[PDB]
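# Close look at the chain arrangement
Given next are the chains, with one letter for each unit.
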Amino acid sequence: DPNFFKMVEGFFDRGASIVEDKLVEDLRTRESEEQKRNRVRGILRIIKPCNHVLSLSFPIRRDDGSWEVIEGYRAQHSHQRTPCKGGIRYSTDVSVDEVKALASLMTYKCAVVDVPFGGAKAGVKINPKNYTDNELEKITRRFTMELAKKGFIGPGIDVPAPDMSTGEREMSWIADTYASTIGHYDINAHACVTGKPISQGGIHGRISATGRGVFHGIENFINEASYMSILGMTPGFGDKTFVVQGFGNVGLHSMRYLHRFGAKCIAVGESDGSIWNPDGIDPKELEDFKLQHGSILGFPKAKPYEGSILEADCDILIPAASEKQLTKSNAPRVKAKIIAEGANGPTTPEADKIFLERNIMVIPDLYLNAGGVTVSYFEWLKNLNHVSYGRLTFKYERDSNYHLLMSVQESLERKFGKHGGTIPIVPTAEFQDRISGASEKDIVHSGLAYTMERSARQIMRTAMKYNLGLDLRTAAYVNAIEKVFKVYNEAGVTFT
Amino acid sequence: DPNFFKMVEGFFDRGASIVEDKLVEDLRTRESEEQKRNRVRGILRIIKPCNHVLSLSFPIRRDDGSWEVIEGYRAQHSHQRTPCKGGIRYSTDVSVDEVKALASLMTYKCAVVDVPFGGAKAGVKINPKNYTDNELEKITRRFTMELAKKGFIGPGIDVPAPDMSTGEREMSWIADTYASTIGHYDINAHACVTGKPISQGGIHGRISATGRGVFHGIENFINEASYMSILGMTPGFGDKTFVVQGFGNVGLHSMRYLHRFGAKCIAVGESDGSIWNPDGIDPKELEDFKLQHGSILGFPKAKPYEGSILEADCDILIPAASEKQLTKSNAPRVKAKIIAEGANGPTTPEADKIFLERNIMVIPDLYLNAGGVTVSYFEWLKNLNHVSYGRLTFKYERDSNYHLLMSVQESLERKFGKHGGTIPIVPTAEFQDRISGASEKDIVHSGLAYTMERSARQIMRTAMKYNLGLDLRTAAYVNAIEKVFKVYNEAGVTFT
Amino acid sequence: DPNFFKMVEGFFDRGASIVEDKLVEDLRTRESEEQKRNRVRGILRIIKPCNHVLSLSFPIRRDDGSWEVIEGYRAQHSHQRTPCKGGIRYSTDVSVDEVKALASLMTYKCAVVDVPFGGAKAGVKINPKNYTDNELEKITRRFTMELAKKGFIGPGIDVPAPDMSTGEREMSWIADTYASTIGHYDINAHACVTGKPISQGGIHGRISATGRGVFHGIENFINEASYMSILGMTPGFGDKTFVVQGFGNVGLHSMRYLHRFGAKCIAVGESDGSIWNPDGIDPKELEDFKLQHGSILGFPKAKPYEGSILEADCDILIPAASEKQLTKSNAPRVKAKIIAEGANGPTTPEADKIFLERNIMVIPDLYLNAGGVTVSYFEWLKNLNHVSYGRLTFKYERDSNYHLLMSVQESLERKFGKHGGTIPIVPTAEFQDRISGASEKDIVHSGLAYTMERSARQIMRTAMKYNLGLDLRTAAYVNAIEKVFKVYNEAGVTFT
Ligand SMILES: Nc1ncnc2c1ncn2[C@@H]1O[C@H](COP(=O)(O)OP(=O)(O)O)[C@@H](O)[C@H]1O
Ligand SMILES: Nc1ncnc2c1ncn2[C@@H]1O[C@H](COP(=O)(O)OP(=O)(O)O)[C@@H](O)[C@H]1O
Ligand SMILES: Nc1ncnc2c1ncn2[C@@H]1O[C@H](COP(=O)(O)OP(=O)(O)O)[C@@H](O)[C@H]1O
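Residues numbered from 1 in each chain as written, not as in the entry; some residues may be left out. Chains lettered and ligands numbered in written order. Part of a larger assembly, values for the part shown. Heavy atoms only, no water.

- As documented in the archive entry, the model was determined using X-ray crystallography at 3.50 Å resolution.

### A closer look at the site of ligand 1
Residue and element names in this part refer to chain A.
- Neighbouring residues of ligand 1: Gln80, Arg81, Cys110, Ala111, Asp114, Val115, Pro116, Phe117, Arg454, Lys483, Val484 and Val487.
- A distance of 3.1 Å is found between an oxygen atom of ligand 1 and a side-chain nitrogen or oxygen belonging to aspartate 114.
- Here an oxygen atom of ligand 1 and a side-chain polar atom of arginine 454 are 3.1 Å apart.
- Relative to its unbound accessible surface of 540 Å², ligand 1 loses 59% to contact with the protein. (Near = heavy atom within 4 Å. Polar contact = N/O pair within 3.5 Å; in protein donor to acceptor, adjacent residues only side chain to side chain. Areas by Shrake-Rupley, 256 points an atom, 1.4 Å probe, with all protein chains shown as cover.)

### Points about the site of ligand 3
Residue and element names in this part refer to chain C.
- Ligand 3 sits among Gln80, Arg81, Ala111, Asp114, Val115, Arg454, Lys483, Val484 and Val487.
- The separation between an oxygen atom of ligand 3 and a polar side-chain atom of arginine 81 is 2.8 Å.
- A distance of 2.5 Å separates an oxygen atom of ligand 3 from a polar atom in the side chain of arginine 454.
- For ligand 3, whose free accessible area comes to 540 Å², the fraction covered by protein is 61%.
- For the shell around ligand 3, the leading source of residues is helix α17 (residues 472–489), giving 3 residues.
- Residues of the shell around ligand 3, tallied by class, amount to 4 nonpolar, 1 polar and 4 charged. (Helix = DSSP H or I, 4+ residues; strand = E, 2+ residues; numbered from the N terminus. Nonpolar A, V, L, I, M, F, W, Y, C, P; charged D, E, K, R; others polar.)

### Digging into the relation of the copies chain A and chain C
- Mapping chain A onto chain C leaves a residual RMSD of 0.7 Å; the transformation is a rotation of 179° accompanied by 0.5 Å of translation along its axis. What the rotation and shift describe, once combined, is the action of a two-fold rotation axis. Minimal C-alpha distance to the rotation axis in chain A is attained by A:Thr181, lying at 2.7 Å. (Least-squares fit on C-alpha atoms.)

### A word on the pattern of salt bridges
All names here are of chain B.
- A full pass over the atoms with the stated rule returns 104 salt bridges over all chains.
- Between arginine 74 and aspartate 158 there is a salt bridge, and its shortest N-O distance comes to 3.0 Å. In this pair, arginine 74 sits in strand β2 (residues 67–76) while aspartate 158 sits in strand β6 (residues 158–159), placing the two residues 84 residues apart along the sequence. With respect to burial, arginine 74 and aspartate 158 carry one shared label: buried.
- For the salt bridge of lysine 290 with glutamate 270, the shortest nitrogen-to-oxygen distance reads 3.6 Å. With a gap of 20 residues between them, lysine 290 in helix α9 (residues 283–291) and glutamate 270 in the loop between β8 (264–269) and α9 connect regions that are remote in the sequence.
- A network of salt bridges, in which partner residues are shared, links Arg89, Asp93, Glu98, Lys121 and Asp163. (Salt bridge = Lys/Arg side-chain N within 4 Å of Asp/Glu carboxyl O. Buried < 20%, exposed > 50% of the residue type's maximum accessible area, 1.4 Å probe, protein only.)

### Some points on the interface of chain A and chain C
- At the interface, 8 residues of chain A touch 9 residues of chain C.
- Together chain A and chain C conceal approximately 730 Å² of surface at their shared face, both sides included; 50% is due to carbon and sulfur atoms.
- Sorting the residues of chain A by area buried against chain C places A:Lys149, A:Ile182 and A:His184 first, and these three jointly supply 51% of that buried surface.
- The tally of links between chain A and chain C comes to 0 salt bridges.
- Run the count over chain A and chain C and you get 0 residue pairs in polar contact. (Contact = heavy atoms within 4.5 Å. Buried area = accessible area lost by both parts, 1.4 Å probe.)

### Some details on the sheet that holds strand β7 (residues 242–245) of chain A
- Within the open sheet, the 6 strands sit side by side as β9-β8-β7-β10-β11-β12 (chain A). Their pairing is mixed. Each end of this open sheet is capped by a strand with a single partner; those strands are β9 (275–276) and β12 (361–363) of chain A. (Pairing = 2+ DSSP bridges.)

### Brief notes about the interface of chain C and chain B
- Between chain C and chain B, the residue contacts involve 30 residues of the former and 45 residues of the latter.
- Counting each side, the surface lost to burial between chain C and chain B is near 3200 Å², with a carbon and sulfur contribution of 61%.
- Taken together, the connections running from chain C to chain B amount to 1 salt bridge.
- Applying the counting rule to chain C against chain B returns 15 residue pairs in polar contact.

### Let's talk about the sheet that holds strand β7 (residues 241–245) of chain B
All names here are of chain B.
- Spatially, 5 strands are ordered β8-β7-β9-β10-β11 in an open sheet, and the strand pairing comes out parallel. Either end of the sheet is taken by a strand with one partner, and the two such strands are β8 and β11 (361–363). Looking at each pair of strands side by side, their axes are set apart by 20° on average, direction ignored.
- Relative to strand β10 (residues 338–340), strand β9 (residues 316–319) runs parallel, the two sharing 2 bridges. The partner of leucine 317 across the bridge, within β10, is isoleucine 339. (Axes fitted to C-alpha atoms, helices over the stretch in contact; angles between N-to-C directions.)

### Quick look at helix α8 (residues 283–292) of chain A
Residues and elements named next belong to chain A.
- Where α8 is concerned, the buried positions are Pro283, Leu286, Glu287 and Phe289. The buried residues of α8 occupy an angular sector of 160° when the element is viewed end-on, so they sit on one face. Seen from the buried face of α8, the exposed residues on the opposite side, beyond 90 degrees, are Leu291 and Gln292.
- On its buried side, α8 packs onto α7 (250–260), β8 (267–268) and β9.
- Positive phi shows up at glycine 294, right after α8, with a value of about 30°. (Arc of directions from axis to C-beta.)

### Remarks on unusual backbone geometry
Residue and element names in this part refer to chain B.
- Here the phi dihedral of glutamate 34 falls at roughly 50°; this positive angle occurs in a residue that is not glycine.
- Of note, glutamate 34 is situated in the loop between α1 (4–24) and α2 (44–47).
- Positive phi is not limited to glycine here, since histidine 386 has a value of about 55°.
- Looking at where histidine 386 falls in the secondary structure, it is placed in the loop between α12 (371–385) and α13 (394–410).

### Topic: the relation of the copies chain C and chain B
- Overlaying chain C on chain B yields an RMSD of 1.1 Å, the required transformation being a rotation through 121° with an accompanying axial translation of 0.1 Å. These values place the two chain copies in the arrangement generated by a three-fold rotation axis. Considering only C-alpha atoms, the residue of chain C closest to the rotation axis is C:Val408, which sits at 3.3 Å.
- Different-surface contact between copies: only 13% of interface residues of chain C are shared with the interface of chain B.

### Overview of the nonpolar core
- Ranked by internal contacts, the top residues of the largest apolar core, which has 96 residues, are B:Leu286 and B:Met361.
- Sort the elements by how many residues they give to this core and helix α16 (residues 472–489) of chain B lands first, with 10 residues.
- When neighbours within four sequence positions are excluded, B:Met361 is seen to be in contact with B:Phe221, B:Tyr227, B:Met228, B:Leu231, B:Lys337, B:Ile338, B:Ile339, B:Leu470 and B:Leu472.
- Listed in part, the 89 residues of the second largest apolar core include A:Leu231, A:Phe247, A:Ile338 and A:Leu470. (Core = buried A, V, L, I, M, F, W, Y, C linked by side-chain atoms within 4.5 Å.)

### Details of the packing of aromatic side chains
- Applying the stated criterion across every chain yields a total of 37 aromatic pairs over all chains.
- With a centroid separation of 6.3 Å and an interplanar angle of 45°, the aromatic rings of A:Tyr108 and A:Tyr477 are classed as tilted. Of this pair, A:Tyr108 sits in helix α3 (residues 96–112) while A:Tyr477 sits in helix α15 (residues 472–489), and the two are 369 residues apart along the sequence.
- Its relative accessible area of 0% is what places A:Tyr108 among the buried residues.
- A connected cluster of aromatic rings, assembled from ring pairs, spans A:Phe11, A:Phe12, A:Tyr108 and A:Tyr477.
- Here the guanidinium or amino end of A:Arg61 rests over the ring plane of B:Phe495, the centre of that ring lying 5.6 Å away.
- Cation over ring: B:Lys138 sits above A:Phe495, and NZ or CZ is 4.2 Å from the ring centre. (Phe/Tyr/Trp six-rings, centres within 6.5 Å; stacked < 30°, edge-to-face > 60°. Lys NZ or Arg CZ within 6 Å of the ring centre and 35° of its normal.)

### Let's talk about the packing of helix α7 (residues 209–222) of chain C against helix α9 (residues 249–260) of chain C
Residues and elements named next belong to chain C.
- With their axes 7 Å apart at the nearest point, α7 and α9 run at an angle of 50° to one another. In terms of orientation, α7 lies oblique with respect to α9. Both α7 and α9 take part in a crossing whose hand is right-handed. The residues of α9 that touch α7, namely those facing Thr210, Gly211, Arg212, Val214, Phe215 and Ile218, are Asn249, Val250, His253, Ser254, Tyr257 and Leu258.
- Looking at the contact of α7 with α9 residue by residue, the classes come out as 6 nonpolar, 5 polar and 1 charged. (Parallel < 35°, antiparallel > 145°, perpendicular 65-115°, else oblique. Left-handed = near helix turned anticlockwise from the far one by under 90°.)

### With respect to the domain arrangement of chain A
All names here are of chain A.
- As assigned here, chain A comprises domain 1 (1–51), domain 2 (52–200) and domain 3 (201–495).
- For domain 1 versus domain 2, the separation of C-alpha centres amounts to 30 Å.
- Tallying the contact residues gives 9 residues for domain 1 and 13 residues for domain 2.
- For the pair domain 1 and domain 2, the summed buried area comes to about 1100 Å², and 65% of that belongs to carbon and sulfur atoms.
- On the domain 1 side of the contact with domain 2, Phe4, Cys50 and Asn51 bury the most area, a combined 54% of that side's loss.
- Where domain 1 meets domain 2, there are 0 salt bridges. (Domains from an automatic or database assignment.)

### Quick notes on a nonpolar patch on the surface
- Residues A:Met406, A:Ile423, A:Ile425 and A:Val426 make up a contiguous nonpolar surface patch of roughly 350 Å² in combined accessible area.
- Tracing the backbone shows A:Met406 in helix α12 (residues 393–412). (Patch = residues over 30% accessible without salt bridge, like charges linked within 9 Å, V, L, I, M, F, W, Y side chains within 5 Å.)

See below:
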């Protein structure tokens, strides 16, 4: 199994090529100049590599009193879009080649979901389990400082974020260190980082954001007849049955929402075992179980499978966990017709081939798990707007709505001598519940959905237009390289 | 035959251990807290490693019209002293690790000649021969820009400089780019980088700098009985005889000054051959002959020697060129008693150990080729002062001098009738030729000398203290670790 | 005894009036407009009170893990002159009114010595002796932050300093915290505060400063026939004798320097007891004595003398010490002809009247103890300059000197047929010692003594203009009001 970097690289060179051709001819051959426009495919040669990587070595005083000098790095892939966005990862297993990779992935991912950020990612060679809360904070702060002092943390230059090794606490600090130091005078200092506590300016609905993203990623394709007939789906007996590998945030939620709308979870499988039950498995039962005690292992109304649900017979297989989990090997032996990448790179470029041979719809990481990002965009904005979404409008709207009903009602009662005979002025229970409890989350969620939909379509289209099949991935990376390109091209280089 | 980095790192660790002890006891034992002060040695763990290193990719459109991304990096070793100082190198061999290493050397080298800058170094993976004057420029400039936007160029942050691969022409572009871009509003924009054209704000006497440095460097030890006895030197008959390896800038000047003061140059080898002549060689002659034609090859009044001049018989051997020229191999076969490192790292750690074992004094890169830097500091200051050293005082002092003389003359004529009898009022020829041709260069040269001398003693003292002998190099690394440490200590780290 | 506030306020109001008149008629009645110029004495109404005063309550987390708020202030008296200057006091008994008063003094004191800074002062209601080194640091840093966020610390705004209750360790932190936060980009961030360690950018000669000041103050006057006659001094038998309350910093150096030049110390006190001996006491010997063990008490070659030495028959009494030590009480009983205020407000107002009636020449704190301040202003520049005074000239000068001698020589020789018969070329032993050991302190000391002089002369003149006598104080306060007024006057207010 190749390393994340070789993979992305590949992916990019793949979609690069594909593009090239088209990218010149029916996209800009009305003003052709010595067809030395083919030569402008240098742009893509620029777009490939990370423009800036900062590596650091900064001390901290451990509680005990002894000094230690921590290493870390943050890589900014592309600044085609001014604020670079990307998380920070605290783990002994970080490498400047990894962060370069993952930064690479972000730049493209964003483009996919039309989030105006450049890819970037950081990593600190540290194991959080070996440091005290106190120590951690010391580290993150001093990381924020150097990061800022050289241009790799600013609300206009590079807005970091958490990764499954870091949390809101850290972000919060990052935000606060910045705001009370370098960014003392920036009226948007709290925009420097996203994924922060609501108290510290976070945005409601961050949690469920990646999860819901998955959901809408699958949904949008499931509901297309054209793809759901090259598979033989969108049923009328079994409806839909899925499987999730990885009961960590994303998974959970993905199970929660996928189940809240028909589908029936039939397997779940963490980094400690599995579960199985071709009758179904409730989200709010398994959740609670996972919470009350240790793992999901030994859960009633379910029988313990051995290994990794990846093969379990179902319609929708969702890999919401570790890297490379679907390889050349097991690739053929997967009974699912739909693979939803609820995690970065959970399928190899060997596995792709395969799933492609045997009509398998692989819904990209590069798209499916970009729900978090999409909301992180919003968080940013929120910060810039200095107001919770809706704070001014929810009441106005609510009124506008009762008027618009009340008008119906009046006008209809004018076609019958009465003054209260008809009653349109009543919203549908669900509507009343919506308006009653209108909150930021809602707007977000919506904004989320709308992005995911409009992006799916984009993907589709840019798949049909290059006649790729179920090669949703390369369709995507292509779609992205086009975008990123367009920007670079409509300007220049040092003659931008 | 190690590598520049293992070397320096070794040199540090060496001097770091030699100091630890006496860095606690006798330097701060009359305040002692739990003797957990020996745990403060973590200041040295902090020093060791470059704190920041930026690595970038950046395009340029060659003159044919094709695009090409270029790769480079700048590493700032320390920030103990605010404006990091260090050169830029343009060569296809540059490696992060090399830069990191050189940077490392600059911090220490600066401490050695009390120059307030922190070690830095840059390198662009390019081969200037393959680019046109117009492309090179393009390249520098964009380099500057990115280097600026991320805090690696700035009159108060990092101040680059040339290297054997780069020249005042580039430095002048760096400057202007900077001035006219990010530094448009800085009243000291031109201080962003030294080693630039007089026209652009250079400092008279930049050229001869490094060379003169090397000359004094030697001189100051060659005039100290003590050392010159260990060797059996400061002779009556032969006086002194020396050879230089590398007729580049530094090697040329060295030979020029060393000669002007007695010393006979017997051999001089370049990259393309050598020259020999136990009668002597004249600098001007062998200078004009290296200018009128190509190389120094086929020079009259001098037979051609085969190979290096490193083994020629002579008193003073001076390596003014490539890296690791003196290794464990040829070490034992050198006839010279004094090796003056007129370049960085031209002697391996193994070679040192030999040289010591056979009583050979090796005047450390760290110190000897620190002339350049020394004069760069001045340049910097020259720019801050916004005036050419002496512009205001020259004439005033000249006057003050004739008024001195004039008084002696009146006061000596009032011990003898007359009113013009005795004439002291006349300056010695020399004097008159130094007053009449006063210039910035003279102030820079003197300031240079003073710093070499003062340092020299410093070294000498720190060698005798730690009973070293002719290990002038580890004295000096010690002397530097001990300066860099003080600063750090006299503040702290996060609580600095 | 009144409070420092109501005293200064008084001293101002006294000079203020004494100026008003003359500060119209012979200093501007050429242009005269309506004679409503008398109404422009509102400038002094402005000059009297402190423009701004920041109070603040910050927290720190005491080693033991608790949480406590600290209170502190910083009052900027005037800004007539850009960078406010003034120290930081750490003590439970600091009151806004006190700093305010003290700030007020600085702004005139500076004027006196021609030091371009406005008067400021800060206090922190804290007793060091109750905090650990660590805790102190936390406190002095937070302070620096909050002080910088609101414009009360800044190299061009307000440059703090140390005060009896603080040291260079703290000033070093204050500097560092600024330079690493808010002032990250200021290429003069270490000019934010003075008094700091050499290793942190301090100036050489800061600890002999206030002492050498005192000296020069007294020396300047003692060598002025005029005064020295109204007294009856500048003797031929008993040359000069002196006493010095207080043996602290300033007293000690005072004694040292005055001694070194002929005077004979004939009594030294201290907050324990006193000494005595009409044959003379050596500075070195007492100094060491003080050091070796506890306090000056029980010093050989001298007999204890109950009380204070303020009465002890001398020639020159020096009050280096505590406040209000010479009151209406003892004031007539004082054998001394000249009182040199080594500290702030030693004498009362009452006492002044008396010493005036009985022809005493009190040299005002406002001037006498301004030597510290003066240097200080150099330390500031030092930072702002980025080079140790003399670093480029020492050698150049050395040389020029020798050339000077050498010409005198040669010239003289050419009035006698021999090439080495006359030997001027040899400095005086002193001269050679000054040339050999040149250093920054020399330039600093010089500069101090030229400020002292020039300002003594100014005070005199200003006292013979307003026919004041041996009222040196007011004469000073006046000299200062004048200065500070002229700045204001030659601009305006809102239309300044
Ligand atoms: N990461 C990206 N890289 C390049 N282009 C992008 C990226 N994200 C968004 N874009 C482009 O920005 C353009 C202008 O924004 P617009 O379409 O008006 O708003 P929205 O991006 O929210 O749909 C869009 O045409 C979109 O294709
Ligand atoms: N690179 C350095 N690291 C640590 N200390 C240094 C360094 N360079 C100079 N110093 C120290 O800075 C101190 C303060 O400067 P000073 O001695 O007044 O001027 P100069 O350094 O030109 O002699 C000196 O005592 C010197 O030892
Ligand atoms: N604090 C002050 N307030 C008002 N005037 C001042 C102050 N300090 C200095 N001055 C004035 O500034 C003027 C201009 O400076 P100058 O005399 O050339 O240099 P220097 O002040 O070092 O003697 C002087 O005439 C001096 O009287």
